[PDB]
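Peer 1: Below is the structure I would like to discuss, written out as structure tokens.
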Amino acid sequence: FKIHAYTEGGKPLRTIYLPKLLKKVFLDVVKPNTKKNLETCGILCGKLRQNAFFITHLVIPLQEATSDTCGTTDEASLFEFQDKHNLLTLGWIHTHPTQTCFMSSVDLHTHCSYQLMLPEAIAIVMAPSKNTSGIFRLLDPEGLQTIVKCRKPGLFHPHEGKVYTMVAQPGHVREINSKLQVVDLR
Ligand SMILES: [Zn+2]
Ligand SMILES: [Zn+2]
């Protein structure tokens with residue numbers, strides 16, 4: 001059987017195929033930062049084939065980090081790389097070096113732009129010290145709207161209501177044996 005995933009507003013979501021080794025590959029690549037209690041992020045890049053998305057490239061962008069944040073600092077090299085290799089942005093991945101697997105306030109704000117651009121966009125959060133991981137998205141439309149309208153100050157400000165959820169597997173995301181390459185732009 002095939003599961004057809006839909007948003008909370010009833011819009012169809014195209015399947016994203018995620019190489020099943022990507023999470024482990026990401027952890028091993030960013031390991032030095034993880035030991036120093038610094039987050040690292042990566043971009044999930046790939047292509048649309050027939051009517052489904054395939055993540056084929058794990059791109060580690062030029063970035064800045066703390067124990068609680070990470071973010072791209074040179075969009076240019078990232079942009080030019082994706083343009084040159086004809087890659088779509090399908091989501092992003094990051095670590096919580098010591099904490100549990102959840103989406104923080106800043107994570108929700110980060111993810112909003114991804115999911116506005118691509119309704120299927122996903123956020124993978126790795127919590128290596130807990131040996132846990134999760135794949136998340138905002139509720140659409142309700143969670144997206146909450147974050148879009150939010151102008152509250154502070155990196156850790158709370159939000160009212162349910163805003164995010166785990167993605168449907170295997171309907172929205174399915175982990176499979178497939179090709180992958182790492183591109184470290186640092
Ligand atoms: Zn986070
Ligand atoms: Zn907010």
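Numbering starts fresh at 1 for the residues of each chain in the structure tokens, the chains themselves are lettered A, B, ... in the order given, and ligands are numbered from 1 as they appear.
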Near residue 6 (chain A), within 10 Å and counting only C-alpha atoms, which residues show up once chain neighbours fewer than 6 positions away are dropped, as a list in words?

Peer 2: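 My list of contacting residues is residues 12, 13, 14, 120, 140, 168, 171 and 172 of chain A.
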
Peer 1: Assign secondary structure with DSSP using the backbone only, and return the residues of region 99-169 of chain A in strand (DSSP E or B) as a list in words.

Peer 2: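 Written out, the strand (DSSP E or B) residues of region 99-169 of chain A are residues 122, 123, 124, 125, 126, 127, 132, 133, 134, 135, 136, 137, 138, 164, 165 and 166 of chain A.
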
Peer 1: Go ahead and write the selection's residues with C-alpha atoms as a compact mmCIF listing (two decimals), in the first residue's frame.

Peer 2:
# COMPACT_ATOMS: atom_id res chain seq x y z
CA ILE A 122 11.20 18.97 6.94
CA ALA A 123 13.37 19.68 9.98
CA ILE A 124 15.46 16.79 11.32
CA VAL A 125 16.69 17.25 14.90
CA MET A 126 19.39 14.96 16.27
CA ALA A 127 19.87 14.49 20.01
CA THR A 132 17.17 10.04 19.78
CA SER A 133 16.09 11.83 16.60
CA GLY A 134 12.89 13.24 15.15
CA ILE A 135 11.63 14.68 11.87
CA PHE A 136 9.33 17.69 12.31
CA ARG A 137 7.22 20.22 10.45
CA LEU A 138 4.86 23.05 11.35
CA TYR A 164 4.46 21.75 15.23
CA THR A 165 4.28 17.99 14.81
CA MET A 166 6.22 14.91 13.74

Peer 1: Find the residue from A:101, A:22, A:90, A:112 that sits nearest to ligand 1; use only C-alpha atoms and all ligand atoms when measuring.

Peer 2: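 The shortest atom-to-atom distance to ligand 1 comes from A:101.
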
Peer 1: Please report, as JSON lines, each residue of chain A lying at most 6 Å from ligand 1, together with the nearest pair of atoms and the separation in Å rounded to one decimal; use only C-alpha atoms and all ligand atoms, and order rows by chain and ascending residue number.

Peer 2:
{"residue": "A:96", "atom": "CA", "partner": "ligand 1", "partner_atom_place_in_ligand_line": "1 (Zn)", "distance": 5.9}
{"residue": "A:103", "atom": "CA", "partner": "ligand 1", "partner_atom_place_in_ligand_line": "1 (Zn)", "distance": 5.4}
{"residue": "A:104", "atom": "CA", "partner": "ligand 1", "partner_atom_place_in_ligand_line": "1 (Zn)", "distance": 5.1}
{"residue": "A:107", "atom": "CA", "partner": "ligand 1", "partner_atom_place_in_ligand_line": "1 (Zn)", "distance": 5.1}

Peer 1: Just the residues within 12 Å of region 84-87 of chain A, please, counting only C-alpha atoms, with nothing from its chain fewer than 2 positions along; format it as a VMD selection string.

Peer 2: chain A and resid 43 to 49 53 to 59 76 to 82 89 to 91 183

Peer 1: Pick out the residues no farther than 10 Å from ligand 2, counting only C-alpha atoms and all ligand atoms, and list them as a PyMOL selection string.

Peer 2: chain A and resi 104-109+146-160

Peer 1: Could the residues in this selection be written to a file with N, CA, C and O atoms, as a short mmCIF file (atom, residue, chain, number, x, y, z; two decimals), in the first residue's frame?

Peer 2:
data_model
loop_
_atom_site.label_atom_id
_atom_site.label_comp_id
_atom_site.auth_asym_id
_atom_site.auth_seq_id
_atom_site.Cartn_x
_atom_site.Cartn_y
_atom_site.Cartn_z
N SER A 104 12.97 23.91 19.07
CA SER A 104 13.04 25.09 19.93
C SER A 104 12.32 26.28 19.30
O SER A 104 11.91 26.22 18.14
N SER A 105 12.17 27.36 20.06
CA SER A 105 11.56 28.58 19.54
C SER A 105 12.26 29.07 18.26
O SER A 105 11.60 29.36 17.25
N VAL A 106 13.59 29.15 18.29
CA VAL A 106 14.32 29.59 17.12
C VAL A 106 14.17 28.58 15.96
O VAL A 106 14.12 28.98 14.79
N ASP A 107 14.08 27.29 16.29
CA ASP A 107 13.92 26.25 15.26
C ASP A 107 12.61 26.45 14.50
O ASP A 107 12.54 26.26 13.28
N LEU A 108 11.56 26.83 15.22
CA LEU A 108 10.26 27.04 14.59
C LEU A 108 10.31 28.23 13.64
O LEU A 108 9.76 28.18 12.52
N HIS A 109 10.99 29.29 14.07
CA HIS A 109 11.16 30.44 13.21
C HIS A 109 12.03 30.13 11.99
O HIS A 109 11.71 30.57 10.88
N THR A 146 0.84 30.95 12.97
CA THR A 146 1.32 31.41 14.27
C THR A 146 2.74 31.97 14.18
O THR A 146 3.03 33.05 14.70
N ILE A 147 3.62 31.24 13.50
CA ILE A 147 5.01 31.69 13.40
C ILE A 147 5.16 32.90 12.47
O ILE A 147 5.92 33.83 12.76
N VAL A 148 4.43 32.90 11.36
CA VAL A 148 4.44 34.04 10.44
C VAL A 148 4.08 35.35 11.14
O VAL A 148 4.71 36.39 10.91
N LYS A 149 3.09 35.29 12.02
CA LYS A 149 2.55 36.48 12.67
C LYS A 149 3.33 36.88 13.91
O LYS A 149 3.13 37.97 14.45
N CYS A 150 4.23 36.01 14.35
CA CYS A 150 4.93 36.23 15.61
C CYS A 150 6.05 37.26 15.50
O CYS A 150 6.94 37.14 14.65
N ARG A 151 6.00 38.26 16.38
CA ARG A 151 7.01 39.31 16.41
C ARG A 151 7.62 39.43 17.80
O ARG A 151 8.24 40.44 18.13
N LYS A 152 7.42 38.40 18.63
CA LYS A 152 7.92 38.41 20.00
C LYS A 152 9.44 38.45 20.03
O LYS A 152 10.11 37.82 19.21
N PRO A 153 10.01 39.21 20.99
CA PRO A 153 11.46 39.29 21.13
C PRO A 153 12.04 38.09 21.89
O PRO A 153 11.29 37.39 22.59
N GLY A 154 13.34 37.86 21.74
CA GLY A 154 14.02 36.82 22.49
C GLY A 154 14.21 35.52 21.73
O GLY A 154 13.32 35.08 21.00
N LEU A 155 15.37 34.89 21.91
CA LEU A 155 15.68 33.64 21.22
C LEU A 155 14.86 32.46 21.72
O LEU A 155 14.74 31.46 21.02
N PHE A 156 14.32 32.57 22.92
CA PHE A 156 13.67 31.42 23.54
C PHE A 156 12.21 31.67 23.92
O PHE A 156 11.65 30.94 24.73
N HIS A 157 11.59 32.69 23.31
CA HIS A 157 10.20 33.01 23.63
C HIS A 157 9.23 31.87 23.30
O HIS A 157 9.42 31.14 22.32
N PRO A 158 8.19 31.71 24.12
CA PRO A 158 7.23 30.62 23.89
C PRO A 158 6.21 30.98 22.81
O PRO A 158 6.13 32.15 22.41
N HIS A 159 5.46 29.97 22.36
CA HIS A 159 4.34 30.18 21.46
C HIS A 159 3.06 29.54 22.00
O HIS A 159 3.10 28.49 22.65
N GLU A 160 1.93 30.18 21.72
CA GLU A 160 0.64 29.66 22.13
C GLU A 160 0.17 28.51 21.23
O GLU A 160 0.29 28.59 20.00
#

Peer 1: Looking only at the backbone, which of the residues in region 50-182 of chain A does DSSP tag as alpha helix (DSSP H), as an MDAnalysis selection string?

Peer 2: chainID A and resid 75:84 105:117 142:149

Peer 1: So the first atom is CA of residue 3 (chain A) and the second is CA of residue 169 (chain A); what is the distance between them in Å, to one decimal place?

Peer 2: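 Interatomic distance here is 8.7 Å.
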
Peer 1: For CA of residue 94 (chain A) and CA of residue 41 (chain A), quote the distance in Å rounded to one decimal.

Peer 2: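 CA of residue 41 (chain A) lies 4.3 Å from CA of residue 94 (chain A).
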
Peer 1: Between CA of residue 162 (chain A) and CA of residue 72 (chain A), what is the spacing in Å?

Peer 2: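 We find that CA of residue 72 (chain A) and CA of residue 162 (chain A) lie 27.4 Å from each other.
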